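Peer 1: What follows is a single structure, and I will ask about it in a moment.
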Amino acid sequence: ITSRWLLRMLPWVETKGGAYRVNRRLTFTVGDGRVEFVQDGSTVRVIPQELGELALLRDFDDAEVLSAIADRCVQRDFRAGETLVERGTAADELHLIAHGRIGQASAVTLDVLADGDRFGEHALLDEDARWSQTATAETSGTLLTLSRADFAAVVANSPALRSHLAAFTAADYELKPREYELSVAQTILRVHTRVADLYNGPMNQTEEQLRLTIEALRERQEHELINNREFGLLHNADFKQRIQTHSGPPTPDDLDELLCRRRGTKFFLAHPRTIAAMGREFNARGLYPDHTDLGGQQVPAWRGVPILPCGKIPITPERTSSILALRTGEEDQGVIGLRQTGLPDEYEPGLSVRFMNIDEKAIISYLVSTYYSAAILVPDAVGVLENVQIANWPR
Amino acid sequence: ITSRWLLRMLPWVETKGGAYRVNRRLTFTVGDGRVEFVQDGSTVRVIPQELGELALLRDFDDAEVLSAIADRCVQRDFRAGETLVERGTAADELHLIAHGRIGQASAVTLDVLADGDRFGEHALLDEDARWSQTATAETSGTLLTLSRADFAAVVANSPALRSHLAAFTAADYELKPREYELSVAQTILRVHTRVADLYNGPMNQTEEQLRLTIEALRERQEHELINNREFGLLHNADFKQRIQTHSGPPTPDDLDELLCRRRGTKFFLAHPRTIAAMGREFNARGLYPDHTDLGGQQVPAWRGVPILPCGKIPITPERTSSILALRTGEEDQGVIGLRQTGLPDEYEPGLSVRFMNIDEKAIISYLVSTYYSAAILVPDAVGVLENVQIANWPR
Amino acid sequence: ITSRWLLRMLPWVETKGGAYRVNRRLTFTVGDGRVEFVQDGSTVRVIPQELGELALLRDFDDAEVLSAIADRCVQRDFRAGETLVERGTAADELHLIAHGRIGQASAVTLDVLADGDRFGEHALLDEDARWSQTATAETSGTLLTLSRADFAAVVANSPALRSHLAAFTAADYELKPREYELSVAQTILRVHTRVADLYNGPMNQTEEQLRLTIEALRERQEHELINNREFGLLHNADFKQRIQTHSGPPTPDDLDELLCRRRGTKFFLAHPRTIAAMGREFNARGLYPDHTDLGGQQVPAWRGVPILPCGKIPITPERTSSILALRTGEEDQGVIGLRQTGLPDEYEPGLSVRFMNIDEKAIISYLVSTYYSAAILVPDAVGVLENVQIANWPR
Ligand SMILES: [Ca+2]
Ligand SMILES: [Ca+2]
Ligand SMILES: [Ca+2]
Numbered sequence: 040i041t042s043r044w045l046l047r048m049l050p051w052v053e054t055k056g057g058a059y060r061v062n063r064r065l066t067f068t069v070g071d072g073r074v075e076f077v078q079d080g081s082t083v084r085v086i087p088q089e090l091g092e093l094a095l096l097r098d099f100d101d102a103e104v105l106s107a108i109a110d111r112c113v114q115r116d117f118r119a120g121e122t123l124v125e126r127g128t129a130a131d132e133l134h135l136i137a138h139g140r141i142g143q144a145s146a153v154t155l156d157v158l159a160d161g162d163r164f165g166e167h168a169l170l171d172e173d174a175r176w177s178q179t180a181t182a183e184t185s186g187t188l189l190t191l192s193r194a195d196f197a198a199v200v201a202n203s204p205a206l207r208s209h210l211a212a213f214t215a246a247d248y249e250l251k252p253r254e255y256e257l258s259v260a261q262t263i264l265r266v267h268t269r270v271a272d273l274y275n276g277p278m279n280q281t282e283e284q285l286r287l288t289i290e291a292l293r294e295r296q297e298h299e300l301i302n303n304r305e306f307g308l309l310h311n312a313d314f315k316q317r318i319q320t321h322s323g324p325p326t327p328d329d330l331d332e333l334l335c336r337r338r339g340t341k342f343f344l345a346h347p348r349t350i351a352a353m354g355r356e357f358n359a360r361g362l363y364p365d366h367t368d369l370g371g372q373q374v375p376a377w378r379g380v381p382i383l384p385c386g387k388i389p390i391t392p393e394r395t396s397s398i399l400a401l402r403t404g405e406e407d408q409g410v411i412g413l414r415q416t417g418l419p420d421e422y423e424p425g426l427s428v429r430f431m432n433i434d435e436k437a438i439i440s441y442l443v444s445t446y447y448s449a450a451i452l453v454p455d456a457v458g459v460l461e462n463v464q465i466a467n468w469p470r
Numbered sequence: 040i041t042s043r044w045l046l047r048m049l050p051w052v053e054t055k056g057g058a059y060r061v062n063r064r065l066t067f068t069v070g071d072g073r074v075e076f077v078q079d080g081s082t083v084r085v086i087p088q089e090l091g092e093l094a095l096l097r098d099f100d101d102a103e104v105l106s107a108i109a110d111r112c113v114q115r116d117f118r119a120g121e122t123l124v125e126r127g128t129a130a131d132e133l134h135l136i137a138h139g140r141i142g143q144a145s146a153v154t155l156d157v158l159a160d161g162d163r164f165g166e167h168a169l170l171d172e173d174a175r176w177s178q179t180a181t182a183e184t185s186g187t188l189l190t191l192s193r194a195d196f197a198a199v200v201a202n203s204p205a206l207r208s209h210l211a212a213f214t215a246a247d248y249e250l251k252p253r254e255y256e257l258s259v260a261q262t263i264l265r266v267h268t269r270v271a272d273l274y275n276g277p278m279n280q281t282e283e284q285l286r287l288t289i290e291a292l293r294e295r296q297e298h299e300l301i302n303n304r305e306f307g308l309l310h311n312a313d314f315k316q317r318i319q320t321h322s323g324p325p326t327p328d329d330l331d332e333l334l335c336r337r338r339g340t341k342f343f344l345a346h347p348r349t350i351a352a353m354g355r356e357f358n359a360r361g362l363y364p365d366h367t368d369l370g371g372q373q374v375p376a377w378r379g380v381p382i383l384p385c386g387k388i389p390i391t392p393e394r395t396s397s398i399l400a401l402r403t404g405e406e407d408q409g410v411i412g413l414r415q416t417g418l419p420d421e422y423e424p425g426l427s428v429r430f431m432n433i434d435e436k437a438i439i440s441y442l443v444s445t446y447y448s449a450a451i452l453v454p455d456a457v458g459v460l461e462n463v464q465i466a467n468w469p470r
Numbered sequence: 040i041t042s043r044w045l046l047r048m049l050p051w052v053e054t055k056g057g058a059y060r061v062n063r064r065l066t067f068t069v070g071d072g073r074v075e076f077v078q079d080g081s082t083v084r085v086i087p088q089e090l091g092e093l094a095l096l097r098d099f100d101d102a103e104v105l106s107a108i109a110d111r112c113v114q115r116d117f118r119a120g121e122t123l124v125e126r127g128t129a130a131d132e133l134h135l136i137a138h139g140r141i142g143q144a145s146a153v154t155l156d157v158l159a160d161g162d163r164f165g166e167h168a169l170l171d172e173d174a175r176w177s178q179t180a181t182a183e184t185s186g187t188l189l190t191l192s193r194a195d196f197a198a199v200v201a202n203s204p205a206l207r208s209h210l211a212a213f214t215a246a247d248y249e250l251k252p253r254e255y256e257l258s259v260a261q262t263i264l265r266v267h268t269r270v271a272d273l274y275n276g277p278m279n280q281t282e283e284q285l286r287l288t289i290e291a292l293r294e295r296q297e298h299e300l301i302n303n304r305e306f307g308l309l310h311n312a313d314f315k316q317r318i319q320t321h322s323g324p325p326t327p328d329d330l331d332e333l334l335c336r337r338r339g340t341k342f343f344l345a346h347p348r349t350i351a352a353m354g355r356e357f358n359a360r361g362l363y364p365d366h367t368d369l370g371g372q373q374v375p376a377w378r379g380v381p382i383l384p385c386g387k388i389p390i391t392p393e394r395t396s397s398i399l400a401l402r403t404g405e406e407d408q409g410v411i412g413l414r415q416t417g418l419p420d421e422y423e424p425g426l427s428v429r430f431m432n433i434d435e436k437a438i439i440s441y442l443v444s445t446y447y448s449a450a451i452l453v454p455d456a457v458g459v460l461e462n463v464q465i466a467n468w469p470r
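These protein sequences, in sequence, are chains A, A' and A''. A prime marks a further copy of an entry chain. In terms of the deposited numbering, the first sequence is residues 40 to 146, 153 to 215, 246 to 470. In terms of the deposited numbering, the second sequence is residues 40 to 146, 153 to 215, 246 to 470. In terms of the deposited numbering, the third sequence is residues 40 to 146, 153 to 215, 246 to 470.
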């Protein structure tokens, strides 16, 4: 029953056969100290060529072997404040950081590793390796793990790798298409036969129940478009596009930085609590931003970019939310809504209601279905500002 | 997916109420040493008047008693090489041969009994009777059995029979209509709702699955028309029309004999292996038969009668098949296809596809049904050449 | 300059994007003593489920493990008369026969293994295994090999396989699409500038050279359609459809058998020497087959099926050829010719001639290109009669 801004702002394109294909270019250079990954929503995997940045694997350029080694790592997720390794415990895993920041405290907090960093190199070769620093995850993120035993097995598999390891001991174009499959929001509406036979003259309680069902389906559509793992702007956004606040509250400097990272930003999406926090920051700074009109409707904006409320963005127990800056379009590579119309029996252009059966208890069943998905044409189309403290007040 | 010659050659007539009636005349004369039977597909029963050929029942002409005695016999089937009775074992059954040939070897192979023969007469009267010959079934067939105890019970039932038996101890017209009931080929097609909602623009996978279902139904129709027991040309063919090969391979003399037994033969039906064997025999004899055109299609023929391949004719493990010679028509008494059109919801003139229900798992069910049967107006419309050796090669 | 029957008889269909897709159903049942394979032209691979017919692998039904084991076998080809294994040599390989016949002579010729047979079971488990029979390949064919070491490695990889092996020691539907890529026949025509400037009034020697080039390209097209390994009727034909002659000369019984295996055969393709041998056999048998008219052209035929000469079918040094029986069509699943028209610069509907450059020596270069391929919709569309002795004369 709430306002659905993402549904009415994202353009909808018609897929054929319930599938879509997006061609991805992944530019990456070796030697720069950062490992680049391939991300498919929430599932991530290291680029096989990038894997060569590791010294113990430098100058090895057999595509088969690198691909196998890349395939044998395991993805793990860590929450804020969770301890991953502890000082004193023997080291047996190589950790490649894909997202988040992790502060390492030695026996003296050395520094904080971030996206593209590695720790655990020496643990791979010798069995005497011991963790001398404690890594505490300051921010939630992902991390790839390469076990010593698996790499040893791969070494015992390829003779070329043995010889290269024994000898050492003494812009790249990568095309890989991404396939999007239409997800379904489905439900069963059970209407008693009496309610369909009698209550049908001045208003249809069947039609009113169907409208309520459609509204619930649309709310689920928005919640999935925001929070789903395979597709979904919160999770299926490039790791480089996700920024951290300088101080924690959503100061206007953070909004300027969020607008810096991409061209032609269309709008901001944030929780209403987050919008209140941004307004508090604006009042503290003493500036009054203008409001712009979209569709004959006035809306708060920053630098002319409208800020739209979305209640489906989660609020963490620590009262920290996130802000999304995103451009929409097909001619300009942005975010599109994949949706198939022309269904066999449409109550609405995107909907399909079909009579299922009548039970022995005289209850008619209807199947209400809609098919939807989201596509991001280029990586630099959605930026996310994370860990935004929304419970800060002037003191 | 194979060619269906029987479906496209048999004329189809429309039955009313799903039933058909065929009037049968069964001419039979007494005293000629052969017992005539009434055959309804695979179920056979002795004519009550013919039962009088037995000496111990000669001159008894009470219709009630003869009908009762005829009703109290049991039909049994025997395969090739199976031993039915053994020398030394006491005789307690009267056996009337309805089909097949059985060679009797005494203590010296006496002869071979055939259709209409009887053995076990004396076993009926006295209890001292003992089998002095071993009957080995050279060919598969049927056989009626009259037990001594049942006949004794019938004797103890009718006073007239007692007096006639005590005294002895010191062209007929029979009309009996045959009723044909339409059989059904039915199936359930389960199509997922997603496959019906999305995959429907450039080609319908629902329609393609329906076409595959229809093809499977047609294949089952042919297999039943050939091999079914109630109706079906292989089994519902007159015992006099079934011939045995003189040598075992399908020599052209056998085809001439098969064409001799009936007037206006329409075509031959045989397995493709059988057609290859016939071609081998033709090449061995040195004659090259002509080919005739039906429906603008050239086809091998013998004496101008086309020979059509049918893969539904079974091949026995001994590599022996059968050939069918049959005439089709309604104005000329032959073989007709009973089929009812004008169904409530027809995808095809003979078909009926109806939506059944949608399951809780969002699977749509369709019921695909067709109604069919076969009728043989006169006994001399289908002839069968049996035990045709199809694995014979020149040496 | 010769007659090109295959070019003018095969229907040509237009592919989109230079690629075609054929959906294959591979029905196979386990326990019947024959292993079924998947064939892609000349490359063959064992079905993973069929691999379970081996006792030492019976009841193991892990799809991953079976797929891995199937992937780790090696395909080998053997010619007629070549010895593969010898008596006395230690056994270290499991051999699965995919095509051809191999006679095994023990210390006494035991028998002849054929397609779907296996020999070398016990060699897999123990290292004491020794070949006690000599296998001589009577006919050319293929053979899959499974080494003992590879299977042992797979066992050491999967814990489930170890447990199943330790315990033992104490119709299936498989869909897999086939992709056809258009092959190219290309050439460069070098015409001197003087020949293009002067010899152009009454006849164009440039155009005459182009016609000769086109004829050579068409001859190469036919030779590839017949003899190519990836596609090509001689090699890309089902192993079950390939038959062996009963005696060696192409007797009419062999032609009858070749017509038996498939429905609606369109024509025969054979070398003119093979056609002469068939005519000699016909004269010896004393039968004179009729001739039929296609396209207003009379042609020899057998059972009404025209026999077309093709000089591109190889003749072996032993003077043995092969005969092809094949049906053509798209509505009836047969053999189609994949070809793309509408090229950017067409001299002919299927051709493309493009000016390349003019050399410093004043020689104009032209690029003449054509794109073609062959598709076989169903396995039972091409049958091959092999090892046909064509040098047999009456004596
Ligand atoms: Ca790099
Ligand atoms: Ca009689
Ligand atoms: Ca099998």
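All C-beta atoms, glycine included, are put in the ideal place defined by N, C-alpha and C.
Taking Cβ-Cβ distances shorter than 9 Å, what residues in chain A pair up with residue 466/A'?
Peer 2: As a first step, residue 466/A' is located in the second sequence; it is residue number 391 there, counting from the start. Residues of chain A passing the Cβ test: none, with the nearest at roughly 50 Å.
Peer 1: Which residue's Cα is closest to the Cα of residue 315/A': 46/A', 75/A', 277/A'?
Peer 2: For the purposes of this step, residue 315/A' is taken as residue 240 along the second sequence, with counting starting at 1. Ranking 46/A', 75/A', 277/A' by Cα distance to residue 315/A' puts 75/A' first.
Peer 1: Can you tell me whether residue 207/A'' is buried or exposed? The criterion is at least 16 other CB atoms within 10 Å of its CB, across all chains shown.
Peer 2: If you number the third sequence from 1, residue 207/A'' lands on position 162. Residue 207/A'' should be labelled exposed.
Peer 1: Taking C-alpha atoms, which residue in 48/A'', 266/A'', 406/A'' lies nearest to residue 284/A''?
Peer 2: As a first step, residue 284/A'' must be located in the third sequence, where it is residue number 209. Of the candidates 48/A'', 266/A'', 406/A'', the one whose C-alpha sits nearest the C-alpha of residue 284/A'' is 266/A''.
Peer 1: Within this structure, are the beta carbons of residue 249/A and residue 65/A separated by less than 8 Å?
Peer 2: Counting from 1 along the first sequence, the entry for residue 249/A is found at position 174. Counting from 1 along the first sequence, the entry for residue 65/A is found at position 26. In contact: residue 249/A and residue 65/A (Cβ atoms closer than 8 Å).
Peer 1: What number of angstroms, rounded off, separates the C-alpha of residue 358/A'' from the C-alpha of residue 327/A''?
Peer 2: On the third sequence, position 283 is the one that residue 358/A'' refers to. On the third sequence, position 252 is the one that residue 327/A'' refers to. C-alpha separation (whole angstroms): 11 Å.
Peer 1: What are the residues in the region 258-281 of chain A' lying within 7 Å of chain A'' by C-beta distance?
Peer 2: Listed in sequence order: no entries.
Peer 1: Regarding residue 249/A and ligand 1, is the C-beta to nearest heavy atom distance less than 7 Å?
Peer 2: Here residue 249/A refers to the residue found at position 174 of the first sequence. False, no ligand heavy atom lies under 7 Å from that Cβ.
Peer 1: Whole-angstrom Cβ separation of residue 456/A and residue 401/A, contact assumed at under 8 Å?
Peer 2: For the purposes of this step, residue 456/A is taken as residue 381 along the first sequence, with counting starting at 1. For the purposes of this step, residue 401/A is taken as residue 326 along the first sequence, with counting starting at 1. Yes, they are in contact, since the Cβ atoms of residue 456/A and residue 401/A sit about 6 Å apart, within 8 Å.
Peer 1: Quick one: which chain A residues come within Cβ less than 7 Å of residue 437/A'?
Peer 2: For the purposes of this step, residue 437/A' is taken as residue 362 along the second sequence, with counting starting at 1. Near residue 437/A' (Cβ distances below 7 Å), the residues of chain A are 261, 442.
Peer 1: Ordered along the chain, which non-local residues of its own chain (more than five positions away) have a Cβ less than 6 Å from that of residue 387/A'?
Peer 2: Locating residue 387/A' in the second sequence gives position 312, where the first residue counts as 1. So the qualifying residues of the chain are 297, 298, 301.
Peer 1: What is the DSSP secondary structure of residue 388/A, reduced to helix, strand or coil?
Peer 2: For the purposes of this step, residue 388/A is taken as the residue at position 313 of the first sequence. Residue 388/A: coil per DSSP, three-state reduction.
Peer 1: What does residue 366/A' touch in chain A'' if you count any residue whose Cβ is under 8 Å from its own?
Peer 2: As a first step, residue 366/A' is located in the second sequence; it is residue number 291 there, counting from the start. Near residue 366/A' (Cβ distances below 8 Å), the residues of chain A'' are 365, 378, 379.
Peer 1: Quick one: measure Cβ to Cβ for residue 352/A' and residue 141/A', integer angstroms, because I've assumed they're closer than 8 Å.
Peer 2: Taking the first residue of the second sequence as position 1, residue 352/A' is located at position 277. Taking the first residue of the second sequence as position 1, residue 141/A' is located at position 102. 27 Å between Cβ atoms; not a contact.
Peer 1: Can you grab the Cα-Cα spacing for the pair residue 60/A / residue 406/A, in whole Å?
Peer 2: One-based indexing of the first sequence puts residue 60/A at position 21. One-based indexing of the first sequence puts residue 406/A at position 331. Whole-angstrom Cα-Cα distance: 16 Å.
Peer 1: Residue 436/A to residue 389/A, Cα distance in whole Å?
Peer 2: As a working note, residue 436/A is residue 361 in the first sequence. As a working note, residue 389/A is residue 314 in the first sequence. The alpha-carbon atoms of residue 436/A and residue 389/A are separated by roughly 41 Å.
Peer 1: Is there at least one Cβ from chain A' nearer than 8 Å to residue 432/A's Cβ?
Peer 2: Against the first sequence, residue 432/A aligns to sequence position 357. Cβ-Cβ to chain A' under 8 Å: yes for residue 432/A.
Peer 1: Would you say residue 89/A'' touches ligand 3, meaning its beta carbon is less than 7 Å from a heavy atom?
Peer 2: For the purposes of this step, residue 89/A'' is taken as residue 50 along the third sequence, with counting starting at 1. Yes, ligand 3 has a heavy atom inside 7 Å of this Cβ.
Peer 1: Would you call residue 431/A buried or exposed, if buried means 16 or more other Cβ atoms sit within 10 Å of its Cβ?
Peer 2: Stepping through the first sequence from its first residue, residue 431/A is reached at position 356. By the 10 Å Cβ count, residue 431/A comes out buried.
Peer 1: Quick check: does the Cβ of residue 286/A come within less than 7 Å of any heavy atom belonging to ligand 1?
Peer 2: As a first step, residue 286/A must be located in the first sequence, where it is residue number 211. False, no ligand heavy atom lies under 7 Å from that Cβ.
Peer 1: For the alpha helix (DSSP H) that residue 182/A'' lies in, which residues bound it at each end?
Peer 2: As a position in the third sequence, residue 182/A'' is number 137, starting the count at 1. No alpha helix (DSSP H) holds residue 182/A''; the beta strand (DSSP E) holding it covers 179-182.
Peer 1: Please go through the same chain and pick out, in chain order, the residues whose beta-carbon is closer than 6 Å to the beta-carbon of residue 179/A', but skip the five residues on each side of it.
Peer 2: In the second sequence, residue 179/A' corresponds to position 134, counting from 1. If we look at residue 179/A' and ignore the five residues flanking it on each side, its Cβ neighbours are 125, 126, 144.
Peer 1: Could you give the C-beta distance for residue 446/A'' and residue 57/A'', rounded to a whole number, given that I count them as a contact under 8 Å?
Peer 2: Here residue 446/A'' corresponds to residue number 371 of the third sequence, with the count starting at 1. Here residue 57/A'' corresponds to residue number 18 of the third sequence, with the count starting at 1. With a Cβ gap of about 7 Å, residue 446/A'' and residue 57/A'' count as contacting.
Peer 1: So which residues of chain A'' does residue 362/A' contact, with C-beta pairs closer than 8 Å?
Peer 2: By 1-based counting over the second sequence, the position of residue 362/A' is 287. The contacting residues are 362.
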